[PDB]
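Visitor: What follows is query.txt; its format and atoms are compact mmCIF, N, CA and C atoms and all ligand atoms.
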# COMPACT_ATOMS: atom_id res chain seq x y z
N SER T 503 11.67 0.86 -24.47
CA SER T 503 11.01 1.53 -25.57
C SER T 503 9.56 1.64 -25.21
N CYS T 504 8.67 1.86 -26.17
CA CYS T 504 7.26 1.79 -25.86
C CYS T 504 6.99 0.51 -25.09
N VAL T 505 6.49 0.66 -23.88
CA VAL T 505 6.18 -0.47 -23.03
C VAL T 505 4.87 -1.12 -23.51
N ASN T 506 4.52 -0.83 -24.76
CA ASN T 506 3.29 -1.35 -25.36
C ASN T 506 3.50 -1.81 -26.81
N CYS T 507 4.25 -1.06 -27.63
CA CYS T 507 4.37 -1.41 -29.05
C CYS T 507 5.79 -1.31 -29.61
N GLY T 508 6.14 -0.11 -30.07
CA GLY T 508 7.25 0.02 -31.00
C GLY T 508 8.47 0.74 -30.46
N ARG T 509 8.76 1.90 -31.05
CA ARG T 509 10.01 2.62 -30.82
C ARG T 509 10.12 3.11 -29.39
N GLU T 510 11.21 3.80 -29.08
CA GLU T 510 11.55 4.09 -27.70
C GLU T 510 10.46 4.87 -26.99
N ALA T 511 9.98 5.94 -27.61
CA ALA T 511 8.99 6.83 -27.00
C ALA T 511 8.89 8.15 -27.75
N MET T 512 7.75 8.81 -27.62
CA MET T 512 7.61 10.19 -28.05
C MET T 512 7.74 11.08 -26.82
N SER T 513 6.81 10.92 -25.90
CA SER T 513 6.90 11.54 -24.59
C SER T 513 6.95 10.49 -23.49
N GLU T 514 7.20 10.95 -22.28
CA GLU T 514 7.09 10.12 -21.10
C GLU T 514 5.79 10.45 -20.39
N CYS T 515 5.30 9.51 -19.58
CA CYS T 515 4.04 9.67 -18.83
C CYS T 515 3.88 11.09 -18.31
N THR T 516 2.95 11.84 -18.90
CA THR T 516 2.82 13.27 -18.64
C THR T 516 2.22 13.59 -17.27
N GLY T 517 2.54 12.76 -16.29
CA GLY T 517 2.21 13.03 -14.92
C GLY T 517 3.40 12.81 -14.01
N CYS T 518 4.49 12.32 -14.59
CA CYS T 518 5.69 11.98 -13.83
C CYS T 518 6.90 11.81 -14.76
N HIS T 519 6.62 11.22 -15.92
CA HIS T 519 7.62 10.87 -16.93
C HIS T 519 8.53 9.76 -16.40
N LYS T 520 7.93 8.82 -15.68
CA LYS T 520 8.66 7.65 -15.16
C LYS T 520 8.48 6.43 -16.06
N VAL T 521 7.60 6.53 -17.04
CA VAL T 521 7.35 5.45 -17.99
C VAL T 521 7.16 6.09 -19.35
N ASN T 522 7.28 5.31 -20.41
CA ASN T 522 7.31 5.88 -21.74
C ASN T 522 6.68 4.95 -22.76
N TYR T 523 6.03 5.54 -23.74
CA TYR T 523 5.36 4.79 -24.78
C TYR T 523 5.58 5.46 -26.13
N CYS T 524 5.41 4.72 -27.21
CA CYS T 524 5.70 5.24 -28.53
C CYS T 524 4.71 6.34 -28.91
N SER T 525 3.44 6.08 -28.63
CA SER T 525 2.38 7.04 -28.92
C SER T 525 1.58 7.33 -27.66
N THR T 526 0.57 8.20 -27.75
CA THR T 526 -0.22 8.57 -26.59
C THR T 526 -1.12 7.43 -26.11
N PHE T 527 -1.74 6.71 -27.05
CA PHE T 527 -2.73 5.70 -26.70
C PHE T 527 -2.15 4.63 -25.78
N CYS T 528 -0.90 4.27 -26.02
CA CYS T 528 -0.22 3.26 -25.23
C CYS T 528 -0.21 3.64 -23.75
N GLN T 529 0.10 4.91 -23.50
CA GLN T 529 0.26 5.41 -22.15
C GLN T 529 -1.07 5.39 -21.42
N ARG T 530 -2.12 5.74 -22.14
CA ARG T 530 -3.46 5.78 -21.57
C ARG T 530 -3.97 4.36 -21.32
N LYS T 531 -3.62 3.45 -22.22
CA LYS T 531 -4.06 2.06 -22.12
C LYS T 531 -3.38 1.35 -20.96
N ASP T 532 -2.06 1.29 -21.02
CA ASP T 532 -1.27 0.38 -20.21
C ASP T 532 -0.99 0.91 -18.81
N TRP T 533 -1.19 2.20 -18.62
CA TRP T 533 -0.91 2.82 -17.33
C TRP T 533 -1.95 2.42 -16.27
N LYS T 534 -2.88 1.53 -16.62
CA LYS T 534 -3.87 1.03 -15.66
C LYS T 534 -3.20 0.56 -14.37
N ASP T 535 -1.99 0.04 -14.50
CA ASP T 535 -1.20 -0.41 -13.35
C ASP T 535 -0.40 0.75 -12.76
N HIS T 536 0.00 1.66 -13.63
CA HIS T 536 0.86 2.78 -13.26
C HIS T 536 0.10 3.92 -12.57
N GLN T 537 -1.16 4.14 -12.95
CA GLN T 537 -1.98 5.23 -12.41
C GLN T 537 -1.98 5.25 -10.89
N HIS T 538 -1.72 4.09 -10.31
CA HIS T 538 -1.72 3.93 -8.86
C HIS T 538 -0.47 4.54 -8.23
N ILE T 539 0.56 4.79 -9.03
CA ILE T 539 1.83 5.24 -8.48
C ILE T 539 2.22 6.60 -9.03
N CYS T 540 1.49 7.05 -10.05
CA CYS T 540 1.80 8.32 -10.68
C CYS T 540 1.59 9.45 -9.69
N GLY T 541 2.50 10.40 -9.74
CA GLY T 541 2.45 11.54 -8.86
C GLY T 541 3.57 11.49 -7.84
N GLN T 542 4.17 10.31 -7.73
CA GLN T 542 5.29 10.10 -6.82
C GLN T 542 6.57 9.89 -7.62
N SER T 543 7.54 10.76 -7.40
CA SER T 543 8.80 10.68 -8.12
C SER T 543 9.73 9.67 -7.45
N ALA T 544 9.40 8.40 -7.60
CA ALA T 544 10.20 7.32 -7.06
C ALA T 544 10.44 6.26 -8.12
ZN ZN Y 601 3.12 2.31 -28.27
ZN ZN Y 602 3.15 8.52 -14.41
Produce structure tokens that represent the structure in this file.
Guide:
Amino acid sequence: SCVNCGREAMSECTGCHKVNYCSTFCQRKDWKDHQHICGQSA
């Protein structure tokens, strides 16, 4: 679900869609670790 708060997700990471968060803020916050891998479909 939201890898930060609540329900499953609204959208998936809008650079790959390999991770998902309930709202937008979660994705921007928590992707600090993910930003390093985004762009690669693995
Ligand atoms: Zn969330
Ligand atoms: Zn991504």
Visitor: Please provide as a list in words all residues within 12 Å of residue 540 (chain T), with the sequence filter that same-chain residues fewer than 5 positions apart are discarded (counting only C-alpha atoms).
Guide: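 Those residues are residues 514, 515, 516, 517, 518, 519, 520, 521, 529, 533, 534 and 535 of chain T.
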Visitor: Show me which residues line ligand ZN 601 (chain Y), defined as having an atom within 5 Å of a ligand atom where all atoms listed in the file count, and present them as a PyMOL selection string.
Guide: chain T and resi 504+506-508+523-525+528
Visitor: Apply DSSP to the structure's backbone, then extract all residues of chain T labelled strand (DSSP E or B) and return them as a PyMOL selection string.
Guide: chain T and resi 513-514+522-523
Visitor: Between CA of residue 543 (chain T) and atom N of residue 526 (chain T), what is the distance, to one decimal in Å?
Guide: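 Calculated distance between CA of residue 543 (chain T) and atom N of residue 526 (chain T) is 21.4 Å.
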Visitor: Looking only at the backbone, which of the residues in chain T does DSSP tag as helix (DSSP H, G or I), as a list in words?
Guide: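 Reading the DSSP output for chain T, helix (DSSP H, G or I) covers residues 526, 527, 528, 529, 530, 531 and 532 of chain T.
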Visitor: So, counting only C-alpha atoms and all ligand atoms, which residue among T:536, T:544, T:527, T:513 is closest to ligand ZN 602 (chain Y)?
Guide: T:536
Visitor: Around all the atoms of region 520-526 of chain T listed in the file, with 6 Å of room on each side, what axis-aligned box do you get, giving centre and edge lengths in Å to one decimal, as lines of an AutoDock Vina configuration file?
Guide:
center_x = 3.8
center_y = 6.8
center_z = -22.0
size_x = 21.8
size_y = 16.1
size_z = 25.8
